[PDB]
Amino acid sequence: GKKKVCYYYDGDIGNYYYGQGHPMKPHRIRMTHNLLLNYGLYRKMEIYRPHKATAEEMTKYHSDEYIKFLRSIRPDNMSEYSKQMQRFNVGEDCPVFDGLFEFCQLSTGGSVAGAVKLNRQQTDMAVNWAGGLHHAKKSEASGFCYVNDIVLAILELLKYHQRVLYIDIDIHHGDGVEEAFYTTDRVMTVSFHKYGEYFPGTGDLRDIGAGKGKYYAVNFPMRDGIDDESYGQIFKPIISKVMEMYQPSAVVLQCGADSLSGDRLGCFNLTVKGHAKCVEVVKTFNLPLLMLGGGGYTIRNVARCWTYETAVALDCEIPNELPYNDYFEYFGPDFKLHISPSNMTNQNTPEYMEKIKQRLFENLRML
């Protein structure tokens, strides 16, 4: 049936700024919120403002030293932390910016709060578009991510769920999450990503977990230009097999929008409908589900994607004609919700897709 949806958002999230020319733009979270408000999707959800996650909540995963550094570093005192910046990988892809720690607190607060709501059986779905920062490591920032809100949310789900399934459709390998749970069978991580001469350089289909975690990490490496057809020939069959074999009791779905056609950093060719089909597929299993954001660097498309995925979560049909909103000019020249794929070549032949799917199916038989 239709499901209850709780949505997490802080009105200040859009004001955090990574710096001039940096592709990560928290403003896209505010564009998403304003678009979904203007479509009237607020009348259908319970809207919550997440608390600022404490350093203590963050150290359930991250090292005390790394969290202490994040809570301390500021653009005005950076000069005194030259040593720690190198140690914790802060200052290149992951710059020091005003309110960095508060931004991490809000991103994490939404994911953890959503997991608590699911644990209490008070919602069917919890949504936190400011979360999904899957690259952060135990004691290091990485790929525009500082605090791994996903790992923290999964640890919260593990208090009441024996097995948790994590699915990541961001164009980049979900390395921080996979690494956190690499040697456990209590979390199965499934990542679909571009692999080959691309960040973070991990996620080979031969990375399948280790020790008790062997066969509990699944990686589907893809080439440039994947389209809705190709993604659609493999996503439902793999997720169906994972659901059958693993039988998770909760699911976390990272909906990174950098896998869409026309992304500033991505090289895939999915439309918003193609990307949202993943949400439709996962939602049909009727399991407690935490939906998170992630990458997405052509911000008009990120807002379209996450607004449509929120409509999918609510089983609410919304028109293609965009309603007027505070960022209406960003959606020109068409002012439509849905996007068209480009003419880029799909390097993922149908035979390649079937062959990788078959290799993963062999690994899934080992559960």
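All residue numbers refer to positions in the sequence shown, first residue = 1.
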Entry B factor averaged over C-alpha atoms, 296-304 against 314-322: higher for 314-322
For 143-151 versus 208-216, entry-based mean Cα B-factors point to 208-216
The residue of 261, 107, 254, 72 with the maximal C-alpha B-factor according to the PDB record is 72
Entry-reported C-alpha B-factor of residue 331 relative to its chain, by third, is lowest
Temperature factor at the Cα of residue 30, chain-ranked in thirds, falls in the lowest
Chain-relative C-alpha B factor for residue 119 (record values, thirds): the middle
By the entry's values, the third containing the CA B factor of residue 81 is the highest
Temperature factor at the Cα of residue 185, chain-ranked in thirds, falls in the middle
